Amino acid sequence: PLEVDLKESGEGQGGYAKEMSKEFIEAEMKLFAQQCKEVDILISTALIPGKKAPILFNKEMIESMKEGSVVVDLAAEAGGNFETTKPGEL
Amino acid sequence: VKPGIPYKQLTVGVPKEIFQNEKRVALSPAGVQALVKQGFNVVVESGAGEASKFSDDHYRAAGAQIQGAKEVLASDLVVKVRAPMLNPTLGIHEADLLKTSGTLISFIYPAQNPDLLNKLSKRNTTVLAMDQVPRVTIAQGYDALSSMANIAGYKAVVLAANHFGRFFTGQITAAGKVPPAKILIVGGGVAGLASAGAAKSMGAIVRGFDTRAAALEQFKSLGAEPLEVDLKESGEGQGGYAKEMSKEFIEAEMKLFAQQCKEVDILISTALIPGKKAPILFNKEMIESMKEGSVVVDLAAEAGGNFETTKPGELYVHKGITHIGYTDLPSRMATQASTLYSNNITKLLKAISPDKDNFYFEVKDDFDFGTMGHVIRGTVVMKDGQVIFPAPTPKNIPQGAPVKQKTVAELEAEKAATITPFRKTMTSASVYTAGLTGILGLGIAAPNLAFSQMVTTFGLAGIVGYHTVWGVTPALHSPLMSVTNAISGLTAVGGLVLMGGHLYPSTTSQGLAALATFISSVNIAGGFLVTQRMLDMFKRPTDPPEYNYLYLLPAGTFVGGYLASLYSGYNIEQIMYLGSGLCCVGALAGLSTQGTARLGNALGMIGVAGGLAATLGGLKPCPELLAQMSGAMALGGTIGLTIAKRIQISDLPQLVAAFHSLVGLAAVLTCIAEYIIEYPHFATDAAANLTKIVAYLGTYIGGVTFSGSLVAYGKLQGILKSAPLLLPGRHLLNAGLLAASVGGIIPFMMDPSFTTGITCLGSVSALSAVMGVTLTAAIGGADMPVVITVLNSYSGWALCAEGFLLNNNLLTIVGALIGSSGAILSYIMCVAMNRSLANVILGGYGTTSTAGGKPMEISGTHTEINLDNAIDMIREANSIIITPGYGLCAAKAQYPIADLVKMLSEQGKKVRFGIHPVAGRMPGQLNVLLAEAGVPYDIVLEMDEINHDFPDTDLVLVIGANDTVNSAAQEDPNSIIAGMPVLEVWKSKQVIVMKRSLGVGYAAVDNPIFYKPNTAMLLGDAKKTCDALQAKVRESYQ
Ligand SMILES: CCCCCCCCCCCCCCCCCC(=O)OC[C@H](COP(=O)([O-])OCC[N+](C)(C)C)OC(=O)CCCCCCCCCCCCCCCCC
Ligand SMILES: CCCCCCCCCCCCCCCCCC(=O)OC[C@H](COP(=O)([O-])OCC[N+](C)(C)C)OC(=O)CCCCCCCCCCCCCCCCC
Ligand SMILES: NC(=O)c1ccc[n+]([C@@H]2O[C@H](COP(=O)([O-])OP(=O)(O)OC[C@H]3O[C@@H](n4cnc5c(N)ncnc54)[C@H](OP(=O)(O)O)[C@@H]3O)[C@@H](O)[C@H]2O)c1
Ligand SMILES: NC(=O)c1ccc[n+]([C@@H]2O[C@H](COP(=O)([O-])OP(=O)(O)OC[C@H]3O[C@@H](n4cnc5c(N)ncnc54)[C@H](O)[C@@H]3O)[C@@H](O)[C@H]2O)c1
Ligand SMILES: CCCCCCCCCCCC
Ligand SMILES: CCCCCCCCCCCC
């Protein structure tokens, strides 16, 4: 289990999540840009009820990976967790 | 001159492949860092590793030089992944682009390509073949076909799924039972076992099959279901391979596969025989009977196929059951294939010329099997154009001859199975009838009722002492030793009741009693201070604050409860003896948890104080004689307190050897004294013979204990030489001394004179002292801790001889409690090695499991490293087990080891200690020295508790131990330590052994784990190297 250095309650009304603050999203993207240079596969399943999926990876954050990585996006219907995802193809 | 051309003038080359849809490359950049470390110059074609996903920047940063396409094949070494062929881009064949005296490293397949060998022979080159390396033991680090078979098996599994439209695992959720998938694997070689592992770990169940008898055991070890066929004929294929089976075996195997084919879901076939096609094992009607949507993978599609329906390279659906039939399967995992093939080529070129700045690889045909000339001649298929492909046979055949020696437990099995069930019951009934007739013999010889009551409390206290000292923790065996030495200072009880007169002694018996009280108070005070000092070093700094002064509350009302009754007209001494005996039992019983260990010192203090108070108040001494008693106990206690405080803990065995002599001497000084004070009463007594038997035996036991412990102290301290001084005739001398000592009780009876009795007492004391010096000086300085414990039992039983004599219950309870402790510690120590007490004391060669002579020889050479590779290999690990010995503590190396373990546990590692039961100069010494260093007791484990954690361990540091880690105890029945339980450190990943020089230990002339490939030597003194490791971990991480 990873961790960020901001203590914000992620829950909303029930078991579902809610929208995060801009500073929390920036700190989470700092964590993901830190550990995006070490992993080989990454699977993003982030999906917030009520609106579209949060963008969590820049187009320059994902090009810093190794030559040959696989990036799977399970939120391609309701937006996506990447600003580089054609929503139906490889 | 060295007959090779140097590394600087040569150049390897990595071309790209013009073969269709080819993706893997010949060398990864990890194989370009190597061979530049070795000395070659590397040139790489521009577009070479993009399909294998290796950019040109990594080849530039590895030391190579990106260059074109014509001047890469024109190199001294040419390294390909497959054979040269027609190049339609340049319009010329690649063999015409090579230089004259080049060298090619490729899959050649010379039995199938004669025109390639013709075109290479016209260019006058030397061609090595990665195909034709034979499958032997020393050439399994470079076996390209096994690597490609492993990758093909994993890729066949991961291509079975993503075309199979159900789960493999199967879960029980609250939405419906889903069953696991069922996968059948025809033929387990490398690809079959890779597929079985990849399918079993993912979740499915495997029911594979092979014709050889070993591959079914490999299937059962991987966890599959080995299938059997009814026609039971031999698995052919001499050399460890498979031939072509008979027709009836094939039509029975196809019946088995047709029965199993209706119910499995994925069928991976890997059947392949050498020099022929793959056998057709599945018909069309056999494979159309599967469930719709099944996946059928064919791994033998290059050499024929195992199916009547396989298009080699397509995925046609064929009424549901999808066929996968790719012929270039490792090319779809080209990164892993390129890395493993680069490792195979690098480990080939590191091995065929193991020399600096020369490159030779002599090709000769003398053909010693197993050696490397076999590998060199079998690999090279062309040398200077003249083809040498049919390799002649190796001369001898090792590696397949069963001559294998059994292990030592397998030789112990025929001893454990040759004892008939009649003789076990016969010797058990013999032991019990001997015990019962000995009880009857003690019954007949009883003069009075007090002897029978005292034998009853002796037997019960012996059983209590037996059960209570197996319960103690093996980490606290030396505080147990110290507690028994403190409680054995109750020979002052025997001194106070024979101590009479006034402020000074009057007669000689009253001076012997004063001497006994003096040295026993030395024992009491010294033992309780060293116990309290040793039990305060196990105290962790994160433990809760304990309040030991609250145990002044029972003591203050026990002896304070005594005197208030003593100032009342009551006599409570026979019950105060029981209470003191129970408190001394609880002193040893509480020393069994590590949370109750400080209770086990306080209860012993309460017991000794209550015993001395009872024997001091049941005499009613006059105020000048009580002053003499208190002065003797105060001076002895003062000397004991000032000795037990200045010592180091590493000098603790000597002090223990210094205590039993003061228990022995006092015992002698009691017994002779009670021969003097009760000599004029032997006329009018019926028990006049019992009190002389017991006096004689107590004098003998004390005289042995005194002199033996004195020689033990002299040989532990360094005064006497630690070599076993052997007299010319020593067994005849010892038997004559024992015969004189036993036969001297016959002049001691049958004569009521005083001069005869006192000269028999003096003679048995002198003969017992001479026997102690004679038996102790023939032992040797390493098994001297036996003499510490055996005499620890004798200093117990002398107390019983002081309790039978004075008619005192507390002395017999305490003496049984100490004798059982010493006997059980010496048993644990004799069974921790594999020697008997007659083997240690009398002197015997080796071990009671050795056999014959000629221990087996040593094989190989030792790997030796320095501080930097050792510290880098510590940093790679994530679970370390340290096995310390006496060399760690003789060099005072436990303090930087404790600081190093603390630093490595601050960084999330798992660093534990493993202790052998006879590592040290005393039972449990090494636990206390690690506790003094500062190590918490929960990461220090015994041998039995850590022994099954060695295969799942990244690193083992062996610091100053040789015999306790020696593998020849488990696999050489002729060894001097054969059968001794040892710390099996060889079963881990890596072992660093730190010692001064490659020599011996105390026995076992050479250690076979030092000459083992998973063991690196780090020579040097332990103090310097441990300080160096501490400084490097400190200065690399902080
Ligand atoms: C004070 C109120 C009245 C009570 C009077 C009762 C009669 C006298 C009984 C004395 C025996 C001890 C009582 C039970 C234990 C008490 C708790 C305790 O000691 O905790 C460890 C406590 C606390 O230990 P610690 O773990 O805090 O370590 C600190 C250690 N020192 C204090 C030395 C720096 O330590 C001590 O009390 C001192 C060290 C242990 C004793 C060392 C000398 C032993 C001498 C022989 C023992 C006595 C034999 C009998 C001879 C006659 C004695 C009068
Ligand atoms: C004034 C009163 C005086 C009273 C004196 C009372 C003396 C009581 C003596 C008690 C000790 C008895 C020892 C029996 C040992 C039996 C062990 C055994 O089973 O061995 C077979 C075993 C066979 O190996 P094993 O590994 O199969 O062990 C047996 C295990 N079971 C039973 C489960 C199968 O031999 C050994 O292990 C080798 C070593 C044996 C000896 C080890 C030391 C024994 C203790 C000696 C201490 C000193 C004695 C002092 C005597 C004093 C006399 C005055
Ligand atoms: N503990 C007991 O209660 C007890 C009882 C009876 C018998 N024993 C005996 O105890 C032995 C224990 O065996 P073991 O393997 O632990 O001991 P070992 O083989 O005698 O010694 C271990 C090795 O440590 C090395 N060493 C010694 N001093 C060193 C130092 N200052 N620095 C670095 N290395 C040092 C020595 O090798 P180099 O000098 O070659 O470098 C020595 O061979 C048993 O074999 C048994 O015979 C013990
Ligand atoms: N270090 C070592 O000991 C080591 C290393 C590498 C290889 N090897 C040996 O080399 C072989 C490795 O296997 P491989 O995959 O490389 O060879 P392979 O490609 O020839 O394997 C084909 C497999 O199919 C089996 N088979 C043949 N005919 C069959 C039939 N009619 N029905 C069912 N199964 C049939 C064979 O027994 C074999 O297991 C083994 O014999 C192994 O012991 C040993
Ligand atoms: C070994 C235990 C004692 C054996 C005693 C045998 C009989 C002695 C008789 C002595 C005269 C009554
Ligand atoms: C002749 C009478 C002998 C009485 C004593 C026999 C031996 C008893 C030994 C008891 C243990 C020390």
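In order, the residues displayed for chain B correspond to 48-1085 in Swiss-Prot numbering, which applies throughout.
Header says: electron microscopy, 2.9 Å.
Cβ coordinates are placed from backbone N, Cα and C, and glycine is handled just like the others.
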Of the residue ranges B:184-204, B:646-666, the one that Swiss-Prot records as transmembrane segment:
B:646-666
Identify the topological domain of B:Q579 and of B:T738 in Swiss-Prot, and say whether both name the same side of the membrane.
no
Name the residue range among B:228-248, B:501-521, B:921-941, B:1047-1067 that Swiss-Prot annotates as transmembrane segment.
B:501-521
Out of B:328-348, B:622-642, which range is noted as transmembrane segment by Swiss-Prot?
B:622-642
Which number gives the other C-beta atoms within 10 angstroms of the C-beta of B:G1046 (NADP(+) binding site), all protein chains shown included?
10
Hey, of the recorded positions listed (B:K224, B:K331, B:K397, B:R1043, B:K1079), which one tops the CB count within 10 A?
B:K1079
Write down the Cα-Cα distance for B:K397 (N6-acetyllysine) and B:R182 (NAD(+) binding site), rounded and given in Å.
18
Counting other Cβ atoms within 10 Å of each residue's Cβ, which of the binding-site residues B:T184, B:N1009 comes out lowest?
B:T184
Provide the three-state secondary structure of B:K224 (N6-succinyllysine) computed with DSSP.
strand
May I ask for the residues of the chain that lie six or more residues beyond the transmembrane segment (B:833-853) and have a Cβ under 8 Å from a Cβ within it?
498, 501, 505, 528, 531-532, 535, 537-538, 541, 544, 700, 703-704, 706-707, 710-711, 714, 717-718, 721, 737-738, 741-742, 744-745, 748-749, 751-752, 755-756, 759, 823, 826, 859-870, 872-873, 876-877, 884, 887-888, 969-970
Listed binding-site residues (B:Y933, B:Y1049), ranked by Cβ neighbours within 10 Å, top entry:
B:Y933
Of the listed stretches B:475-493, B:501-521, B:596-616, which one has the most C-beta pairs under 8 A with the transmembrane segment (B:622-642)?
B:501-521
Within 10 Å of each Cβ, count the other Cβ atoms, then let me know which of the recorded positions B:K70, B:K117, B:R182, B:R259, B:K294 comes out lowest.
B:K294
